[PDB]
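# Descriptive analysis of the structure
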Amino acid sequence: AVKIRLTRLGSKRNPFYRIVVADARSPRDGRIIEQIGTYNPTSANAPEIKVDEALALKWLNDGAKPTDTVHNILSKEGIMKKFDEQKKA
Amino acid sequence: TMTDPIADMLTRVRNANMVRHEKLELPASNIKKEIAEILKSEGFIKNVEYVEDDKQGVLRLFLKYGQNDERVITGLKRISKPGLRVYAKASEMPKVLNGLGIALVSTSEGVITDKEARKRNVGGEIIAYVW
Amino acid sequence: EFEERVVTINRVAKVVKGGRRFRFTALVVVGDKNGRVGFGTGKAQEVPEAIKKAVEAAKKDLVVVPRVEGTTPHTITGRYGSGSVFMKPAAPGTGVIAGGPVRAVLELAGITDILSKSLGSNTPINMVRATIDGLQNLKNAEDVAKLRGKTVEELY
Amino acid sequence: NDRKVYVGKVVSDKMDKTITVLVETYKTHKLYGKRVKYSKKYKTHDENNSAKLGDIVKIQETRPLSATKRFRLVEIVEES
Amino acid sequence: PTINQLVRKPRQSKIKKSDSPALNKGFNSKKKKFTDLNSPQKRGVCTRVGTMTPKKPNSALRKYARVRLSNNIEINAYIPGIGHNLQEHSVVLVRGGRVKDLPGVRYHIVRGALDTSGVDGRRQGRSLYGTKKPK
Amino acid sequence: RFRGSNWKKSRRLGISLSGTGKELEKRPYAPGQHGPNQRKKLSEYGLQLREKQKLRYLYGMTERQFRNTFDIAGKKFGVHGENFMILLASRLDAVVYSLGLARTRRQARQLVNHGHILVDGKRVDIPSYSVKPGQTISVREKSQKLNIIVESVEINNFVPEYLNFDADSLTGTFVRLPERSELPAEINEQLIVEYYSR
RNA sequence: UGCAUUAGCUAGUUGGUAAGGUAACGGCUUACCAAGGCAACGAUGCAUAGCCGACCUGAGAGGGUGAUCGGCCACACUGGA
RNA sequence: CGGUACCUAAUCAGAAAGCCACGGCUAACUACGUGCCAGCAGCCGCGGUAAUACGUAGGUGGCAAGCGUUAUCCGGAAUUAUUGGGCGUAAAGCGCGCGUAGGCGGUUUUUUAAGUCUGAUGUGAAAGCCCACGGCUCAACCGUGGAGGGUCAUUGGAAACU
């Protein structure tokens, strides 16, 4: 259900993952909180964050949750820990 | 039978122009005569002469044809009846045969014509395939 | 000004006293490739001779096609009896656009821009009829627009 | 903040809040598109003999907390 | 035919007749059912070959085959090839075809399925089999 | 070309053009199966599908692969009298083994398909791919020297139009896509597709 | 849902008022309502059904397409409290 | 998953090609045992002391990892029809006529904007609306972004039909 989904994709070893955190009751293939971007976060380049950065107000304030790697890359983006600064604001 | 004069009277006229009969009659009307007025202004014929009577009187016709005894009356048709009409709008209308066709005209928003609305984006009405 | 092309042949052999001849009754298109595709027929006999002995009869009357060059801009078709074809005009930059038997007569009149909706009956003699129907009933554009009282483009 | 308010025609009579609707509308085709008349109804029974039987009315019949008339009424209009 | 009173039935094209009941047949043996699932794998049993006392003039001296695969259902088929082991109690598979100089017969029996013989008299048509596919 | 080389087989090849031919002491007709006989590419049971070999193996790929190349012809869906022909006839079988490119065009695909060709870039081991601009179809810089690699200063340079070369290991250019300037015209833009279309 | 070599269909019935209960709301049962309501819109009934894309493809018209393959229903020894 | 790839080039003219037939149409050659026999045998065949053809053959043909089929759709053949069927004979036109709803029966004028190529945009399902891509031994096949469309919604009111 609910952690940052590093979602399987592609042809034979083309794991073009997608930024997602699946629903609290849906599977990896099912419906979701919301699909936020089209990139493989395990890309050989980097985490390579391209998301709906403006959506940090909705899913973080309701439901969403990272897991141990992208909470870092989100707040060097100014999202995840920075939403704690927003909550303090 | 004459929703269009091209419906039943053309049974007469299609031979009448083979025999150069360049004048005939028509039921009295205002839209029917209007469309033939468009066509004679385009130069199909000499002119739509006018009505003798009031109600379904004889509008005179005066059918010129091609100088080469040719006829570009390439069929024109309609289906009017209480039971068959268009309870339906040319707030947009397209054209066929690259604008060569010019034929029947009937709607209600603001006066243009079939060929006089080819460019408006509130078009007209075309049935025939002239070339 | 007509068009050169071979159409077909036919070996007539009638129920007669002696051996049945096989006269190669042949139809041919002849000319020098202007646009006015003129075919004709002929009832001729010898294997190497009946081509020319039948083109003899073919050229007695070889028909005119008043050809709107480049392409007949609108849908161009025709019909007689059980014979007819159709041609939807397409882009001329498409190569050759044709049907099965009408391929070489598509090359005869220089348009090579319309397609050949190969319609009509299944009759071989009137296959020629179905072919020639499409392009025998033509009339040019500017002359018609002139004939209709208005200008060449007042009616456009 | 709005719901179903269509127009129809009443049929039958008894207690408890008419309007026994019979709406008329159009339905059409694919290859030729013949939009032509058809209908759809919602039965109930007489208001207090306020709804005149045979009444081409702006229809519906109020929200059901018992068992004879279906859903959100608007107002009785015209007799037919 | 009209168009407006054609709404009670559209002006359209026409329908199909019977074709090859055996190509696309199945069987469910649960409750005396009779199934169809469109498979070439449908079977029969090897029975018979022969003809009867003529009326019509069709001249041909070639093998008839009431001869089929595993589980018994009566048909009329063909046994291709001259060398054949199709007398009784055989299992085969079947495909289609007709070679000339054969009256009306229009199916076949594949060579070397379960219980038949092989092809002998053709040596210039050599390199078939197309799947285990070398040169 | 034609499944043949004119050093030994100039005969079934309508055009092989590798050598002296065999019209001198031999009969130059054919060794088999690809002379001018009744092969069906015509009114469709006629006498030109031996020249379907002139159509197919000209650009290398075989049928169901040349069939891939003709739908690639239909891909550039501009003027399908010319826009189909230009890229249908836009490959290289002239950089390949024997005669002058360095000495690499004729006995075609022996040696230049090294697998170590080391083009300007990473690697493109197969000239079936129409080479790209800047991506120079070079040979292995570490095993470079051959009679087919550095012989372009003497035998022949300049593969077709907008497709040039160098001398140091014969680095191609392919600066622009090749038009019909130095591209072939043996594949008919009209008839050869009328075998396919009409 | 489709289908009469399936037609006349149906009877607190036809689903408001009062009691009850759904986060919601009801004939869901009950004291009243007309035989009414349903109709060859082939209702009834028979057959069938997880549904879409999916592909191929007739000139365009545009469509048949579920195996997979994806999405969206139902069932997890059958059944019953 | 990889002491394999990259590489030395080790390697040498090396370590990597079949079809119906040789039948008119099947282009694959004429021959023999072949005398409508065997049997190859696709439109159709051949074969009877002169078989090209049965059987066989050196080549041999159309293309090559190549060779022919099997169930599905369509090309073929709009030989499946608004578009893209007609009905005397041919695919089909009623002993008959008489009849309600109807389909359609002739209209001449005139108002609405409801529909008769929405305005413009948020705006669009894959093997499937335009280009850019990267990898693909080419490929085999994969995916990516814009165009997000120019495709629905959303706003419009008004002819010469209604």
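Definitions and cut-offs
Residues numbered from 1 in each chain as written, not as in the entry; some residues may be left out. Chains lettered and ligands numbered in written order. Part of a larger assembly, values for the part shown. Heavy atoms only, no water. Residues with missing side-chain atoms left out of burial classes, pairs and counts. UniProt positions renumbered as here; feature names shortened; annotations may be inferred. Helix = DSSP H or I, 4+ residues; strand = E, 2+ residues; numbered from the N terminus. Rg over C-alpha atoms; globule rule 2.2 N^0.38 Å. Contact = heavy atoms within 4.5 Å. Buried < 20%, exposed > 50% of the residue type's maximum accessible area, 1.4 Å probe, protein only. Near = heavy atom within 4 Å. Polar contact = N/O pair within 3.5 Å; in protein donor to acceptor, adjacent residues only side chain to side chain. Nonpolar A, V, L, I, M, F, W, Y, C, P; charged D, E, K, R; others polar. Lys, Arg positive; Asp, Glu negative; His and termini not counted. Salt bridge = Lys/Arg side-chain N within 4 Å of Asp/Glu carboxyl O. Arc of directions from axis to C-beta. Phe/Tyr/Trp six-rings, centres within 6.5 Å; stacked < 30°, edge-to-face > 60°. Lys NZ or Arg CZ within 6 Å of the ring centre and 35° of its normal. Core = buried A, V, L, I, M, F, W, Y, C linked by side-chain atoms within 4.5 Å.

- Structure determination for this entry is recorded as cryo-EM, at 3.58 Å resolution.

- In the nomenclature of the PDB entry, chain F corresponds to 30S ribosomal protein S4 from the organism Staphylococcus aureus.
- What UniProt states about chain F under its Subunit (unreviewed entry) heading is, verbatim, "Part of the 30S ribosomal subunit. Contacts protein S5. The interaction surface between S4 and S5 is involved in control of translational fidelity."
- The record held by UniProt for chain F lists under Sequence similarities (unreviewed entry) the comment "Belongs to the universal ribosomal protein uS4 family."

- Under the annotation held in the PDB entry, chain B carries the name 30S ribosomal protein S8 and is attributed to Staphylococcus aureus.
- Checking UniProt for chain B, the heading Function (unreviewed entry) contains the comment "One of the primary rRNA binding proteins, it binds directly to 16S rRNA central domain where it helps coordinate assembly of the platform of the 30S subunit."
- Taken directly from UniProt, the Sequence similarities (unreviewed entry) text for chain B runs: "Belongs to the universal ribosomal protein uS8 family."

### Side note on the overall build of chain F
- Scanning chain F for helices and strands turns up four helices and zero strands.
- Counting helices and strands in the order they occur from the N terminus, chain F gives α-α-α-α.
- Expected size for 198 residues packed as a compact globule is a radius of gyration near 16 Å; at 18 Å, chain F falls within 12% of this value.
- Of the contacts made within chain F by residues no fewer than 6 positions apart, 40% connect residues no fewer than 24 positions apart.

### Things to note about the overall build of chain B
- Secondary structure summary: chain B contains two helices and two strands in total.
- The order of helices and strands in chain B, counted from the N terminus, is α-β-α-β.
- By the compact-globule yardstick of 14 Å for 131 residues, chain B fits well, its C-alpha radius of gyration being 15 Å.
- In terms of principal-axis extent, the alpha carbons of chain B reach across some 40 × 35 × 25 Å.

### Structural notes on the arrangement of the chains
- No other pair among the five pairs of chains in contact exceeds the contact count of chains B and C.
- Left apart from each other, chain B and chain F have a closest C-alpha approach of 23 Å.
- Regarding chain D and chain F, which are not in contact, the minimum distance between any of their C-alpha atoms is 31 Å.

### Observations concerning unusual backbone geometry
Residue and element names in this part refer to chain B.
- Here the phi dihedral of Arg 20 falls at roughly 65°; this positive angle occurs in a residue that is not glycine.
- Position of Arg 20 relative to the elements: it lies in the loop between α1 (10-16) and β1 (25-27).
- Accessibility expressed as a relative area gives 28% for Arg 20, which makes it partly exposed.

### Some thoughts on the protein's contact with RNA strand G
- The immediate surroundings of RNA strand G are formed by 24 residues, with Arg 31 of chain A together with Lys 30, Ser 66, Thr 68 and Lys 69 of chain D found nearest.
- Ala 67 of chain D is positioned with one of its backbone polar atoms (N or O) 2.7 Å from a phosphate oxygen of RNA strand G.
- Contact between RNA strand G and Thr 68 of chain D: a sugar or linking oxygen at 2.4 Å from a main-chain N or O atom of the residue.
- Residues that form the surface near RNA strand G fall into these classes: six nonpolar, five polar and 13 charged.

### Some details on the side chain of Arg 12 of chain F
All names here are of chain F.
- Looking at where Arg 12 falls in the secondary structure, it is placed in the segment before α1 (52-56).
- Among buried charged residues, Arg 12 stands out as having no salt bridge; its nearest opposite-charge side chain is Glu 63, 14 Å away.
- Among the polar contacts made by the side chain of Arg 12, one reaches the side chain of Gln 33 at a distance of 3.5 Å.
- In this structure the side chain of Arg 12 is engaged in a polar contact, spanning 3.4 Å, whose partner is the side chain of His 34.
- Setting aside its immediate chain neighbours within four residues, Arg 12 contacts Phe 2, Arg 3, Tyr 29, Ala 30, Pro 31, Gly 32, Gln 33 and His 34.

### Considerations on the pattern of salt bridges
- Per the counting criterion, the structure on display carries 16 salt bridges over all chains.
- Of the charged contacts in the structure, one is a salt bridge between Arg 20 of chain B and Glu 22 of chain B, with a shortest N-O distance of 3.9 Å.
- The salt bridge involving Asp 93 of chain F is made with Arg 91 of chain F; its shortest N-O contact spans 2.2 Å. Judged on exposure class, the residue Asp 93 of chain F and its partner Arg 91 of chain F are both buried.
- The structure contains a network of salt bridges with shared partners spanning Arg 20, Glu 22 and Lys 46 of chain B.

### Notes on helix α2 (residues 66-75) of chain F
- Along α2 of chain F, the residues classified as buried are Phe 66, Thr 69, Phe 70 and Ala 73 of chain F. With its buried residues spanning 100° around the axis, α2 of chain F presents them on a single face.

### Structural notes on the packing of aromatic side chains
- A complete count under the given rule lists seven aromatic pairs over all chains for this structure.
- Ring plane angle 50° and centroid distance 4.3 Å describe the contact between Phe 70 of chain F and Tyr 196 of chain F, whose orientation is recorded as tilted. Taken as a pair, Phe 70 of chain F in helix α2 and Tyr 196 of chain F in the segment after α4 (191-194) lie far apart in primary sequence, 126 residues in all.
- The class of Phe 70 of chain F is buried, set by a relative accessible area of 14%.
- Ring pairing ties together the aromatic residues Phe 70, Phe 84, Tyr 195 and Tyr 196 of chain F, which thus form one cluster.
- The cationic tip of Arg 36 of chain C hangs over the ring face of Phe 2 of chain C; the distance from NZ or CZ to the ring centre is 4.8 Å.
- Between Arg 67 of chain F and the ring centre of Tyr 196 of chain F, over which it is positioned, the NZ or CZ distance is 4.2 Å.

### Quick look at the environment of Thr 151 of chain C
Residue and element names in this part refer to chain C.
- The residue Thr 151 is located in the segment after α4 (142-147) in this model.
- Remark: the alpha-carbon pair of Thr 151 and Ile 114, spanning 37 residues in sequence, is separated by 26 Å.
- The residues contacting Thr 151, other than those within four sequence positions of it, are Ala 145 and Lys 146.
- Here the side chain of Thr 151 touches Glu 153 through a polar contact of 3.0 Å, landing on its backbone nitrogen.
- Within the structure, the side chain of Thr 151 is placed 2.5 Å from the backbone nitrogen of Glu 154, a separation counted as a polar contact.

### Regarding the protein's contact with RNA strand H
- Around RNA strand H, a shell composed of 104 residues is seen, among which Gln 56, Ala 88, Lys 89 and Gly 123 of chain B together with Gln 33 of chain F lie nearest.
- When atoms of RNA strand H within 4 Å of the protein are sorted by moiety, sugar and phosphate together comprise 57%.
- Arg 122 of chain E is positioned such that a nitrogen or oxygen atom in its side chain is 2.5 Å from a phosphate oxygen of RNA strand H.
- Top contributing element to the surface near RNA strand H by residue count: α1 of chain F, with three residues.
- The residue inventory of the surface near RNA strand H, partitioned by class, reads 33 nonpolar, 40 polar and 31 charged.

### Side note on the nonpolar core
- In terms of nonpolar packing, the biggest core is built from 17 residues, with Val 37, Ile 76, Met 87, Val 105, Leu 106, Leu 108 and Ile 114 of chain C touching the most fellow members.
- For this core, the secondary structure elements donating two or more residues are β7 (83-87) and α2 (103-106) of chain C.
- Setting aside anything within four residues of it in sequence, one finds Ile 114 of chain C in contact with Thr 71, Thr 72, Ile 76, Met 87, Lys 88, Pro 89, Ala 90, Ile 97 and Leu 106 of chain C.
- One finds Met 9, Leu 59, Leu 61 and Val 72 of chain B within the second-largest nonpolar core, a separate group that totals 16 residues.

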